[PDB]
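Beneath this line is the structure, given in structure tokens, with notes to follow.
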There are 2 protein chains.
Amino acid sequence: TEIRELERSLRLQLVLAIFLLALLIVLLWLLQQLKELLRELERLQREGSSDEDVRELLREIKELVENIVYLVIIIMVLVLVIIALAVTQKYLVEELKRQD
Amino acid sequence: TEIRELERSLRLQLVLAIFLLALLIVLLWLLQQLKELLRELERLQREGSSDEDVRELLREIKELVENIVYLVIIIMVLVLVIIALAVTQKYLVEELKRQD
């Protein structure tokens, strides 16, 4: 009856899996922000703008990619939390099926 | 005893969660490929290379971001599969706890 524990564990994974999905939607938003800036970067090069104009925009793009990478690493860590909960549940079910 | 089903469902989530983690590692590899190309893009602008040189590289960067986005969408769909398995398991445990 104690293996209550599976429900609680499942309550966590479902909320945390939803948190991943939200983080992935943020990640798409950030990737869509690259599409915008890279199309502007093209336009500056098409226009023949200055090295300062292009460099400024390119510095902004580099920052954005670093933010994207940090978000991705956070997502990977959260996935490892979700994997750890999956393993927990598998073991709980294994010990549960060991009963007559 | 049939709720066998939880173990099988958990077998799927654990393998699929590991597939997410692998996909996220690929996603990092692709984001690291942006860091390389954007640093080269800076160098071309620093050198004062031609519009063709920069445009070529920038076209490659745009393709890469589209590949990154498609991978992310695939990951989101796989997460929704994992969420659907989590919900399945929660319902199985709910019907299981409804016994005396």
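Simple scheme: letters A, B, ... for chains in structure tokens order, numbers from 1 for residues in each chain, numbers from 1 for ligands in the order shown.
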
* To do: Find the residues in chain B near chain A: any atom within 7 Å counts, using only C-alpha atoms. Write them as JSON, numbers by chain.
  => {"B": [7, 10, 14, 17, 21, 24, 28, 31, 45, 51, 69, 76, 79, 83, 86, 90, 93]}

Output N, CA, C and O atoms of each residue in that selection to a file, as a PDB file, in the first residue's frame.
ATOM      1  N   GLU B   7       4.617  -1.813 -15.849  1.00  0.00           N
ATOM      2  CA  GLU B   7       6.008  -2.110 -16.135  1.00  0.00           C
ATOM      3  C   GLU B   7       6.329  -1.840 -17.596  1.00  0.00           C
ATOM      4  O   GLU B   7       7.348  -1.230 -17.905  1.00  0.00           O
ATOM      5  N   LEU B  10       6.434   1.878 -18.244  1.00  0.00           N
ATOM      6  CA  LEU B  10       7.667   2.401 -17.674  1.00  0.00           C
ATOM      7  C   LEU B  10       8.884   2.010 -18.476  1.00  0.00           C
ATOM      8  O   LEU B  10       9.795   2.823 -18.620  1.00  0.00           O
ATOM      9  N   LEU B  14      11.313   4.999 -19.947  1.00  0.00           N
ATOM     10  CA  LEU B  14      12.714   5.077 -19.615  1.00  0.00           C
ATOM     11  C   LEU B  14      13.576   5.062 -20.872  1.00  0.00           C
ATOM     12  O   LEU B  14      14.521   5.848 -20.975  1.00  0.00           O
ATOM     13  N   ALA B  17      12.916   8.476 -22.646  1.00  0.00           N
ATOM     14  CA  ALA B  17      13.554   9.570 -21.920  1.00  0.00           C
ATOM     15  C   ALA B  17      15.052   9.589 -22.198  1.00  0.00           C
ATOM     16  O   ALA B  17      15.650  10.656 -22.360  1.00  0.00           O
ATOM     17  N   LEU B  21      17.422  12.454 -24.043  1.00  0.00           N
ATOM     18  CA  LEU B  21      18.699  12.932 -23.569  1.00  0.00           C
ATOM     19  C   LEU B  21      19.735  12.883 -24.684  1.00  0.00           C
ATOM     20  O   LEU B  21      20.528  13.811 -24.840  1.00  0.00           O
ATOM     21  N   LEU B  24      18.988  15.708 -27.048  1.00  0.00           N
ATOM     22  CA  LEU B  24      19.467  16.943 -26.440  1.00  0.00           C
ATOM     23  C   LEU B  24      20.983  17.094 -26.572  1.00  0.00           C
ATOM     24  O   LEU B  24      21.476  18.198 -26.802  1.00  0.00           O
ATOM     25  N   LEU B  28      22.850  20.057 -28.466  1.00  0.00           N
ATOM     26  CA  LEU B  28      24.035  20.792 -28.045  1.00  0.00           C
ATOM     27  C   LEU B  28      25.132  20.785 -29.066  1.00  0.00           C
ATOM     28  O   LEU B  28      25.753  21.823 -29.278  1.00  0.00           O
ATOM     29  N   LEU B  31      24.255  23.356 -31.584  1.00  0.00           N
ATOM     30  CA  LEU B  31      24.429  24.700 -31.040  1.00  0.00           C
ATOM     31  C   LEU B  31      25.902  25.090 -30.934  1.00  0.00           C
ATOM     32  O   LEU B  31      26.263  26.253 -31.142  1.00  0.00           O
ATOM     33  N   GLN B  45      34.101  39.336 -41.102  1.00  0.00           N
ATOM     34  CA  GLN B  45      33.755  40.737 -41.039  1.00  0.00           C
ATOM     35  C   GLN B  45      34.950  41.570 -40.560  1.00  0.00           C
ATOM     36  O   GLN B  45      35.174  42.675 -41.057  1.00  0.00           O
ATOM     37  N   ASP B  51      31.177  40.188 -49.832  1.00  0.00           N
ATOM     38  CA  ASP B  51      29.786  39.911 -49.550  1.00  0.00           C
ATOM     39  C   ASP B  51      29.452  38.469 -49.888  1.00  0.00           C
ATOM     40  O   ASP B  51      28.624  37.867 -49.219  1.00  0.00           O
ATOM     41  N   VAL B  69      15.925  23.836 -35.173  1.00  0.00           N
ATOM     42  CA  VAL B  69      14.505  23.956 -34.904  1.00  0.00           C
ATOM     43  C   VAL B  69      13.734  22.678 -35.172  1.00  0.00           C
ATOM     44  O   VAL B  69      12.856  22.331 -34.381  1.00  0.00           O
ATOM     45  N   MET B  76      10.003  17.982 -28.789  1.00  0.00           N
ATOM     46  CA  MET B  76       8.721  18.341 -28.188  1.00  0.00           C
ATOM     47  C   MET B  76       7.660  17.292 -28.401  1.00  0.00           C
ATOM     48  O   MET B  76       6.870  17.029 -27.495  1.00  0.00           O
ATOM     49  N   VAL B  79       8.485  14.403 -26.174  1.00  0.00           N
ATOM     50  CA  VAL B  79       8.047  14.766 -24.829  1.00  0.00           C
ATOM     51  C   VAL B  79       6.554  14.604 -24.646  1.00  0.00           C
ATOM     52  O   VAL B  79       6.129  14.097 -23.619  1.00  0.00           O
ATOM     53  N   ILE B  83       4.775  12.446 -21.895  1.00  0.00           N
ATOM     54  CA  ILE B  83       3.683  12.969 -21.084  1.00  0.00           C
ATOM     55  C   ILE B  83       2.454  12.056 -21.183  1.00  0.00           C
ATOM     56  O   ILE B  83       1.840  11.741 -20.166  1.00  0.00           O
ATOM     57  N   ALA B  86       3.041   9.170 -19.064  1.00  0.00           N
ATOM     58  CA  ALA B  86       2.939   9.542 -17.647  1.00  0.00           C
ATOM     59  C   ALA B  86       1.501   9.597 -17.187  1.00  0.00           C
ATOM     60  O   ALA B  86       1.180   9.130 -16.091  1.00  0.00           O
ATOM     61  N   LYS B  90      -0.439   7.304 -14.379  1.00  0.00           N
ATOM     62  CA  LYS B  90      -1.172   7.925 -13.289  1.00  0.00           C
ATOM     63  C   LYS B  90      -2.572   7.342 -13.174  1.00  0.00           C
ATOM     64  O   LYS B  90      -3.026   7.041 -12.069  1.00  0.00           O
ATOM     65  N   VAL B  93      -2.439   3.738 -11.774  1.00  0.00           N
ATOM     66  CA  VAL B  93      -2.265   3.780 -10.335  1.00  0.00           C
ATOM     67  C   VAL B  93      -3.525   4.247  -9.619  1.00  0.00           C
ATOM     68  O   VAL B  93      -3.843   3.734  -8.550  1.00  0.00           O
TER      69      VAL B  93
END

* How many Å separate atom CA of residue B:96 from atom CA of residue B:2? ->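 So the two atoms, atom CA of residue B:96 and atom CA of residue B:2, lie 10.1 Å apart.
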